[PDB]
Structures are given as C-alpha cells and as structure tokens.
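In this analysis, Cβ positions are derived from the backbone assuming ideal geometry, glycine residues included, and neighbour counts consider all displayed protein chains. FYI, it's all coordinate maths here, none of it is from the lab.
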4 protein chains.
Amino acid sequence: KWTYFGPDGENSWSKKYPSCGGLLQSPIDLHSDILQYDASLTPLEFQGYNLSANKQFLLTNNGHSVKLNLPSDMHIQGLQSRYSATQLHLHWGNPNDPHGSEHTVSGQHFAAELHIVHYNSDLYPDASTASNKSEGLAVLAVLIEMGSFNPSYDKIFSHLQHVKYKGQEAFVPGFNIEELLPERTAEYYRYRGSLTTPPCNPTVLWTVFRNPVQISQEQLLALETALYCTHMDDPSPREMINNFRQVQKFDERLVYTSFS
Amino acid sequence: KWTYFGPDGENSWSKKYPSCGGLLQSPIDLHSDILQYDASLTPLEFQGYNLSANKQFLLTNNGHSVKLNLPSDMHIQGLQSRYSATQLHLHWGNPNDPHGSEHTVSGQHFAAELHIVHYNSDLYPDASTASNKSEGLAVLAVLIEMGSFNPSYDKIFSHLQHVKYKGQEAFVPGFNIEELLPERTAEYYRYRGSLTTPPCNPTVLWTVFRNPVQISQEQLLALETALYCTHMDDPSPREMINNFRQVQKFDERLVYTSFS
Amino acid sequence: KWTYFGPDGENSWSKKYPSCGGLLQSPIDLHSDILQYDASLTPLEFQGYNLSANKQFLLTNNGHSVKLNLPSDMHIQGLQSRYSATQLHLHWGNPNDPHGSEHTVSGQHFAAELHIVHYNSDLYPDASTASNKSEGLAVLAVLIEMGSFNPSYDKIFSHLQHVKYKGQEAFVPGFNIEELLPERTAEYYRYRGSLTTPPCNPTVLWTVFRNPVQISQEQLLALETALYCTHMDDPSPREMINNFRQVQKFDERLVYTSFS
Amino acid sequence: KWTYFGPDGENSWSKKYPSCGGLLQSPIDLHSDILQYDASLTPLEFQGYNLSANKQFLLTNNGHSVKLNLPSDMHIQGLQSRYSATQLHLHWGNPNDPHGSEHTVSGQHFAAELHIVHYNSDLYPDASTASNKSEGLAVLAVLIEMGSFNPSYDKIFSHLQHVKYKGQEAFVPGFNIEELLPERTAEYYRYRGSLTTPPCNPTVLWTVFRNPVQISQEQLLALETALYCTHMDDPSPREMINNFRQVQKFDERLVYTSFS
Ligand SMILES: Cc1cc(-c2ccc(S(N)(=O)=O)s2)cnc1-c1cccc2ncccc12
Ligand SMILES: Cc1cc(-c2ccc(S(N)(=O)=O)s2)cnc1-c1cccc2ncccc12
Ligand SMILES: Cc1cc(-c2ccc(S(N)(=O)=O)s2)cnc1-c1cccc2ncccc12
Ligand SMILES: Cc1cc(-c2ccc(S(N)(=O)=O)s2)cnc1-c1cccc2ncccc12
Ligand SMILES: [Zn+2]
Ligand SMILES: [Zn+2]
Ligand SMILES: [Zn+2]
Ligand SMILES: [Zn+2]
C-alpha cells in the first residue's frame, strides 16, 4: 500500500520500495543546465497505434490512476530494440491548483501528463518480465495544458464515470492513440530514469515530447473530479487528486534533446 | 547519518527520522494558486542584530552546511512571542547547476538560500527544548541570486577556506546581521512548516522575504567549491554541494503574503 | 588431495570433498538475466586495511595459490556482522591463454582475480570455526585485467621469486590493502556462495566489485610463471597455472547489484 | 541416476561415471586463444538425410532430453571413416534465462544446441559397440538463436506434447534433416572431445558449425516448457530445463577451424 498523500505518501515510499530511494529516479525538471543536444537522436515511428473501432480495450481504475490496456501489436520504432505497448495512464493535480504534470520544464508544471508504457519485445516475452530488467521499459510522456476541447482525449474521458472506484473496469472502442500525441513528435527530451510510482524500478527509457497538447477547462475539471482511490465501499473514501510525484534530484547527469 | 545524496538521501530520511514523512513539510514552491494577501501581517523589527564588533562568533562546518552561532540577545519583534536567534546557515547547488535555494518562486530556484534560526524564548528556556514543541521555532529565509558582490555576506564567506572540512571552526567578528537582509523586509511570505533537514520537526513559522539579495559569481563559486562533508584526512572526500531539499507537496493550505 | 588438472581435477573434487558437489557453489557468470538492482546494498567500509609499514606479514606458497596472512584487526564494516580478515590470495591462467579469473562477466574471463577472505568474528572465535558454519565467511573479489603497471599489486608480486615452491615463505612489509581495490567500490555484485576450492563450504557472502583493476603485461607474466605446485627438490616440477574453478550452475537464484 | 541439478548433478557425475572426471571432456568455450586454422579440413557431405516421408522415426523423452532415432543409412562423408547416424537431440535453458547451448563462442551462450550423433560404421557394427571405443563417434552441433519462426524445427517441436514425461514415445514421419543445418556448413570448428552426458566417453570427434540457425520466441518457449525429467508416476516431478553441461577446461590442446 502506497499513496500520494499522508503517512504512506512519497517521502515514505523507500520503506517498502527501496528503489524509490535509489538511482535514476524520475520525474525531473527539464532545464538548460542539464540539457544537451544529441544530433544522432532519430524520430520515433508509431506503428499499430490506429486501433480498430471494432475491437475494444480495457479501462481500469487501479487506485492510483486511470489505465487503458494496449495490445502488443502496437509498437515504437527508433530505439535499440522494438518496444511494444502495454498500457497508458494519466497524472493530474486538483481544482484549486490545476498543475499536476510529473515532469516540469524550466520549473513550470503543466496541467496533467499522459504516459504510454512499452516493454522490450525483442528481449522479453511480456511487460512483467521486462519491468525489473535492464532495457526493460520505454515510456512516452505527453505534457497537457489548458486550451481548446480535445475530441481525442474525450475518447478516454467520456468513460470515466464507469471507473469511479478502485477495481472498476470498462471497455473503450479502439481509436487512434496517435491523436493523443502533440505537434512535431520529432522534438523531444530523452534520459534514463525510473517508474514514477512504487516500485520505482530504474528500468525506463524516457521520451518527453517538447510540445504540449491541449484539453478544455471542462475536460480537465472532469478528470480531476471523476475518480476515487478507494473501493466501492472503503469506509474512508479518498478522491483521486494530486497523483503525481515531486521532481527528483538530477546531479552530474544528462538529458539529451533532439532539438537545438 | 543523513545526506543529500545516495542511500542516506532525502527519499530515505523518513526511515531514520519519521517526521520527514509527516505533515507540514518544508520547503515549498510559492506560486499564485496557494498565495493570499493578509493585510494584518505587520513588519518585523530586528533587535540586537548589530552585533558588537568587539565580540567574536563561532563559524562551523558541521558536514551538512556552514553555520554561524548567534547570541540570545538577538531577537525578532512583532510575532505572538519573542523569538531569540540561535544560528544561521546556508543552502546551495553546484557550479554545473547553480540553483540551490530551498524555496522556489513560481517554479524558479534561486542560486542559494540563507536561514536565520530563532526559538520561542518566551515559552521555552533554550532552542533545544523549543525545537520539537508547539510554536517552537521561527526561521527567516533570504533568497540569494548571482549578481553584485556583497560585502556583508563576505564577512562570512571570507572565512570559508578555513573551515573546508567537517568539524573545523573559525571566529567571525561581530557585524550587523541586518545587512544580510534584502530590501523592503516588510514584504514577505508567511506559512507554518518544518525544518528542511532531519529531524524535520513541523515546528517552524516561516518568513521568506519577497526580494532576493545578490552575491558575486566569485562568492557563489567559493561557497559551492570550498567545503567538504568529510573530515580532513578521509581517503575519499565528498564535496558539500546540492545541500538543499526538493520542494514538498502543499495541498489544502495557504501561504500568506504581506504584499499584494 | 586435489588439483586443477587431470584425474584429481575439479570434476573429481566431489569424490573427496562432499560440499564440492552440493548447493550454492561458486564461482558464477554475472550476466543480465540473473542480475537485480537492490538499493539496500550500501557501501562497505574497509577498516584497519592500512597495515603498519613497521610490521611484516607472511606470504606462503601452499601449492594451490600464493597467500598473504592478514591481521584480525582488519575488517569489513557495513554487513549485519563484523567480518575480520584472515588472508588474501589470487587465481590466474597461463601465458598461452591469460584469462584465469574465477567469476566471469557476460561470459568473459578477466586475466586474474584477487580474493580477500574474512570470517564472521561477531559469531565465531576464529576462521577455523567459522569456515563451515552459517554466515561464517565473507570474501571480496577484485577482477584483474591486463593493462597499466600497478605499484600496489607489486608490493606482493615483487616477492614471488622467493616463494617459487610449495611450502616456501617470505615476509611482506605492511601496506594499504585498500590500494588493491578498484574505483567506485560502492558498485558491486552480491550473492550467497561457497569457497571456490576444497572443501567448497557453502558459507560465503560474496562481494564482486563491478570495476576491474589493471596490472601490467610483465606483472601478469611473473604471476603466471614464477610459481610451482611442487616442492623444491622434486625432479618432476608442476607449474602453478590455471588455478581457477570453472563457473557453476546458477538457477532459481539472483545476484543483487548496487548499480543499475 | 544422474541429473543437471542438485546432488546428482554434474560435479558428482564422476562418482559413478569415472570418465566425466577424465581426459578430453566436452563442451568447451570456443575463443581465439585456442583456435587454429587448418586448411586441410574439408566440407562434410550429408547422405540419406532426406528421410522418407513413408517411414517413421521414434521420438523419445529419455529423462535428460528429447531424442529422435535415426537410421544408419544416414551418413557423413568427409571424415577419415564413414560415420552413420543413430540419433539427434537438444539442449536448452529456461524461460527466465533462455541461454542453454552447451558450446559457447567467445563466452556467449546461444539459446539452445542440436546434436546429431553418428557412429563409426567402417570400424564398428553398431552405435553401442562404437560408443566407448577409439574413433567411435562423430557429433554435429548446431547453435540455435532466437529469430524468425523455423518450420523445419517445428517438425520436431509439434510432437512435444506427446512425449511430456520420461519413457513416453511417439513416431515422427521422415523429413529432411539437412533442413536443421545452418548456412555455409563448410565453416566449422573441429576438436577431439567427449559425450557431454554420462558416461562421458572421450570418443567423440566434434564438428560445431560456425553459423547458428534461428527459431522463434514461441518455439523456444515451447521447447523449454513442454517436458519433464520424471515419469508419469513420479510424486516429485521435475521440469526439463537447463539440460546443458557447463564448459570444461581446455588446457594444452587445440580446436581447428575450417575458416581463417
Ligand atoms: C510494465 C509496468 C509498468 C508500471 C508503471 C508504473 C509507473 C509508470 S509511469 N508513472 O509511467 O512511470 S509505468 C507498473 N507495472 C507494470 C507491470 C505490468 C505487468 C506485470 C508486472 N509485474 C510486476 C511488476 C510490474 C508489472
Ligand atoms: C533549533 C535548531 C534548528 C536546527 C535546524 C535544522 C534545519 C533548519 S532549516 N534548514 O532552517 O530549516 S534549522 C538545527 N539545530 C537546532 C538546535 C540549536 C541549538 C541546540 C539544539 N539542541 C538539540 C537539537 C537542535 C538544536
Ligand atoms: C576460512 C578459510 C577459507 C579458505 C578459503 C579457500 C578458498 C577460498 S576462495 N577461493 O576465496 O573462495 S577462501 C581457506 N582457509 C581458511 C582458514 C583460515 C584459517 C584457519 C583455518 N583452519 C581450518 C580450515 C580453514 C582455515
Ligand atoms: C545412448 C547413447 C547416447 C549417446 C550420447 C550421449 C550424449 C551425447 S551428446 N550430448 O551428443 O554428447 S551422445 C551416444 N550413443 C548412445 C548409444 C546408442 C545406442 C546404443 C548404445 N548402447 C550403449 C551405450 C550407448 C549407446
Ligand atoms: Zn505515469
Ligand atoms: Zn536551512
Ligand atoms: Zn580464492
Ligand atoms: Zn548432446
């Protein structure tokens, strides 16, 4: 058991999850002093992201985020190995302070953040295996700010009232996950990091796109208010808000950019 | 044993010091969504801050920071109690990333941060018994930015190369401590928080001045490069750099401002 | 009554020493699939390793290796028990194939290997008693590759031409044993294993440092050609070469690393 | 009784099978220091390897491997004597660590290894007579790696669910065995060695082909998960995994290559 608030909150993760107090922890603040252009970074190519409408995909409240399962025939090209998709999920703040991205840029929090998790499907049979091993995972991160209505993000958010509580589940018809990504995917930040939640394994290769996406005022408030961390009858219900980790120390180490 | 790096670093403080994973932790990011103007916040008066030039004051490398002992006849006027000074010390980054303040403003790290530590002398007989009790401590924070040489700060910094190693001490002739304070001390952020180092006692009334002071690049580099956490003859020395805590979650609370 | 070649070689050790065909045998091949990061592995401290230069320490050819006796005031700090030093020795190949390390990394042999042997002095009165008992021993392993001359190793290797035959003894003045260790001793592999020689007791907590040291081409050749397994007057001399065990099966088990 | 794990495992083979602790043991690591080009080595020709589809060949789980019986009208030309076939079988690792070849190349384990066993039909009347006599046996070894699906190897793998336990047998229709061999069979390593299982007779002339073949992830996982070392009625079942011998010392001896 771990939470984002109170006694089992993130300063206490290291007790049961020692890696949370270990190496290569994420997320981080992306600022000029630790950036470095790498001319050899190539654009990712996104394959099998256009999910068939006649198929459906499981959405789950896992008590920490809302999660959509993704098929292993969905994959990224442009890394050392083929990585196949396993799931995506989100991180957000709260109505009084709607800044709940994990990564920050020059000290600025965005409204929210999308993570699309992949496992090394050349080396490893499944995400389970891959999660605590070298070269294990590749996570794509999209920064989300307030703006115009996003019909693509609403393909997820229109389902939130069916996964209000921990353990609940709902099917979503296939849509084009590539619509979730920003402008000019070629431009990104890349560094070696970790899971941002327990167990905090340092097995993730991070790609954070430079350019944010927009969702409406209304869409963001919906996401911040829809969900609970607790089961259909915990005596003490807890709202799912502020489900992001504080940025970590990042000392004598480098984040590589595909832009100058 | 605690540090700012490695297995004894801040994510693991909670394992030896339970308060570091509890409530009311410092430091924090000061941003609009959690600020509120409070016109009842009156100017502090700084009494006995003009230390006798004929007296000397102990400077010490304690392995975590550099610390100057302060006399009990030094005190803050204008709080519910009189608070008497006990010591001051600093926090800083590193030459490759010179942004090591503890508190941030709108996401932005300053170069360094000065802390003038006081205890409630009305209620308690010394800082020791005040430290972990209600209304025990008040800390004044000055944010420090790189720019102009600062003669007053140099009355401390000129002694740095003579306390390079843990346990070493020097004497500092009395000078006017009020000269370390920024302009318009009437303007400040106020909130209830904690020590930013173990034991992380949540017993601190924080006053962070609105306006930064400046020190020279040269002053900053001396601060960032002169000092070691280790004793003189340790075969493997460790540099005293990045001795600041990351900002903490601050939800469902307000910081009060004396300026609008 | 055992060798590293022919009928009394390692496939036959189990006929004379039951533990050599038992569980938890060393050495092993260190490869990604059986590695796991463990943030709980903190740095050892090497205490009393700076041996008095006014003292001398017995170096012996015992017919299997060259051995340096070590004082019991020398010890490892940072394990559950104190482990006190008893001897160090080496393992090597031969000039025709100079890859005689015991542990391998991703299949690759290094030139040679140093073992520094310690016993659990909290639990047990001497190394003799600890040798075949629970948590009895702890061995530090340094992988040795051929490269730059090493003055510290030469404090040993300079005496080799005076212990050429079995039973012969020389005195080595005290020097700093820490100088035999590599860079970044905080980085290591840890696993539960056995003596690599008869009687092969499965009582050893192994720490293999991640990073090798270098010794010169000339130092390596002296190690591989100076010593004999036989007594001086024996008309049939056998050269002390290839005195390393092959790697053992390692299944249903993990090696824990302090690095990722 | 002998096994690849625990107290009857490979370090104990010598107790009842003396030759396992003897001369000329296999397998070995093939690395530059012990290789020598030999221009007189000629290519093998493979005769009667295209087995009639109208005949049947017995597949058996023998408790140590899966074996396919072969006819003696299958032979190799290109050695000193005609060698005629008796069986083929395989060696493999386990799902967590899918590296179970017997021979290694520059320290690298491949996924698995195929052995095609032949006996000297010029000198001896049958494989049994030949097995423990001078010039008795010749074994071809093919190294196997993860890659594309291999429909030729599936002519074996598709019958595995019929031989899950020791003693169980199934007939396989003839296919072309030459389909199991890699590209450029003319390039190979040759050396004098032994059976890699008890009784470890030193009577094998080994040919290991330079180039590996590929099978899919699913085929390799199939092979590693299908079979048991124990009978139908064993109360203590054991999965058939890691059925490969560790590499042997190879001192004062040469492997000859057909390529330079
Ligand atoms: C692949 C995976 C990612 C995650 C993630 C946690 C946090 C992230 S995030 N915030 O993108 O860094 S991804 C959690 N669990 C698994 C996972 C998936 C499937 C089986 C697992 N078995 C053991 C441990 C973890 C397993
Ligand atoms: C009051 C006090 C605060 C602190 C502080 C640690 C960190 C801060 S900071 N970073 O301003 O929050 S203040 C350290 N020592 C004492 C202190 C001062 C004097 C005597 C003490 N005796 C026992 C324990 C602590 C004593
Ligand atoms: C504790 C010990 C380990 C060893 C070792 C044999 C092999 C290793 S190695 N290759 O590090 O695994 S360490 C040798 N001698 C002693 C030892 C040391 C001192 C007294 C002894 N008395 C009886 C038996 C052994 C004694
Ligand atoms: C059973 C057997 C195994 C082997 C082999 C055992 C291991 C290998 S391998 N792993 O290719 O080196 S080949 C060779 N010939 C025979 C053989 C085959 C047929 C009859 C026999 N009679 C007596 C002894 C051996 C006989
Ligand atoms: Zn995430
Ligand atoms: Zn402070
Ligand atoms: Zn040894
Ligand atoms: Zn075989």
Original post:
In region A:131-158, what residues are of a type in the set (A, V, I, L, M) and under 17 Å from the mean Cα position of the chain (by Cα)?
Top reply: A:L137, A:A138, A:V139, A:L140, A:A141, A:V142, A:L143, A:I144, A:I156
Original post:
Across region A:71-107, which residue is farthest from ligand 2 (Cβ to nearest atom) among those that are among the acidic types (D, E) and in contact with a strand residue (DSSP E or B) (Cβ under 8 Å, 6 or more places away or on another chain)?
Top reply: A:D73
**OP:** Those residues that are hydroxyl-bearing (S, T, Y) and more than 19 Å from the chain's Cα centre (by Cα), I need them from region A:226-255; list them, please.
**Re:** A:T230, A:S236
**OP:** With the checklist (1) under 24 Å from C:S26 (Cβ atoms); (2) touching a helix residue (DSSP H, G or I) at 6+ places or on another chain (Cβ under 9 Å); (3) surrounded by fewer than 21 Cβ atoms within 10 Å (Cβ to Cβ); (4) more than 14 Å from chain D (Cβ to nearest Cβ) in hand, flag the one item C:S106 doesn't pass.
**Re:** (4)
Subject >> Residue satisfying all of: in region C:26-39; touching a strand residue (DSSP E or B) at 6+ places or on another chain (Cβ under 8 Å) and facing chain A (nearest Cβ under 9 Å); farthest from A:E135 (Cα to Cα) among these >> reply: C:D38
Original post:
Is one or more of the residues making up region B:133-151 more than 25 Å from B:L41 (Cα to Cα), assigned to a helix (DSSP H, G or I) and out of contact with any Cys (no Cβ under 8 Å at 6 or more places or on another chain)?
Top reply: yes
Subject >> Test: residue in region C:159-179 that is within 16 Å of ligand 7 (Cβ to nearest atom), in contact with a helix residue (DSSP H, G or I) (Cβ under 9 Å, 6 or more places away or on another chain) and away from chain B (no Cβ under 14 Å) >> reply: no
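Yes/no matrix, rows are residues, columns are (1) touching a residue at least 12 places away in the same chain (Cβ under 8 Å); (2) within 14 Å of chain A (Cβ to nearest Cβ); (3) closer than 26 Å to D:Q246 by Cα:
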{"site": "C:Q217", "(1), (2), (3)": "yes, no, no"}
{"site": "C:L220", "(1), (2), (3)": "yes, no, no"}
{"site": "C:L223", "(1), (2), (3)": "yes, no, no"}
{"site": "C:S236", "(1), (2), (3)": "no, no, no"}
{"site": "C:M240", "(1), (2), (3)": "yes, no, yes"}
{"site": "C:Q246", "(1), (2), (3)": "yes, no, yes"}
{"site": "C:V255", "(1), (2), (3)": "yes, yes, yes"}
{"site": "C:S258", "(1), (2), (3)": "yes, yes, no"}
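Matching residues to (1) within 13 Å of ligand 6 (Cβ to nearest atom); (2) within 18 Å of B:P212 (Cα to Cα); (3) buried (at least 18 other Cβ atoms within 10 Å of the Cβ):
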site	(1), (2), (3)
B:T60	no, no, yes
B:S65	yes, no, yes
B:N96	no, no, no
B:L123	no, no, no
B:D126	no, no, no
B:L140	yes, yes, yes
B:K155	no, no, yes
Subject >> Selection status of B:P95, closer than 30 Å to C:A186 by Cβ, touching a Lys or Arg at 6+ places or on another chain (Cβ under 7 Å), more than 9 Å from chain A (Cβ to nearest Cβ) and not aromatic (F, W, Y) >> reply: no
**OP:** For residues that are assigned to a loop (DSSP other than H, G, I, E, B) and under 14 Å from the mean Cα position of the chain (by Cα), scanning just region C:159-210, find the one that is farthest from C:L137 (Cα to Cα).
**Re:** C:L181
Original post:
Does region A:122-137 hold any residues that are more than 13 Å from chain C (Cβ to nearest Cβ) and closer than 10 Å to A:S81 by Cα, and which are they?
Top reply: A:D122
Original post:
How many of the residues making up region D:1-24 are within 7 Å of another protein chain (Cβ to nearest Cβ), under 18 Å from the mean Cα position of the chain (by Cα) and part of a loop (DSSP other than H, G, I, E, B)?
Top reply: 0
Subject >> Residue match in region D:184-193 (condition: more than 16 Å from ligand 7 (Cβ to nearest atom), under 30 Å from A:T129 (Cβ atoms) and away from chain A (no Cβ under 14 Å)) >> reply: no
**OP:** Could you tell me whether any residue of region D:142-154 is within 14 Å of chain A (Cβ to nearest Cβ) and either among the acidic types (D, E) or within 16 Å of ligand 2 (Cβ to nearest atom) (or both)?
**Re:** yes
**OP:** May I ask you to list the residues in region D:14-44 that are of a type in the set (F, W, Y) and surrounded by fewer than 13 Cβ atoms within 10 Å (Cβ to Cβ)?
**Re:** D:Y37
Subject >> Check on C:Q246, closer than 21 Å to C:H115 by Cα and outside any helix (DSSP H, G or I) >> reply: yes
Original post:
Do we find a residue being more than 16 Å from ligand 6 (Cβ to nearest atom), crowded, with 20+ Cβ neighbours inside 10 Å, in contact (Cβ under 8 Å) with a residue 12 or more places away in the chain and of a type in the set (F, W, Y) anywhere in region A:160-170?
Top reply: no
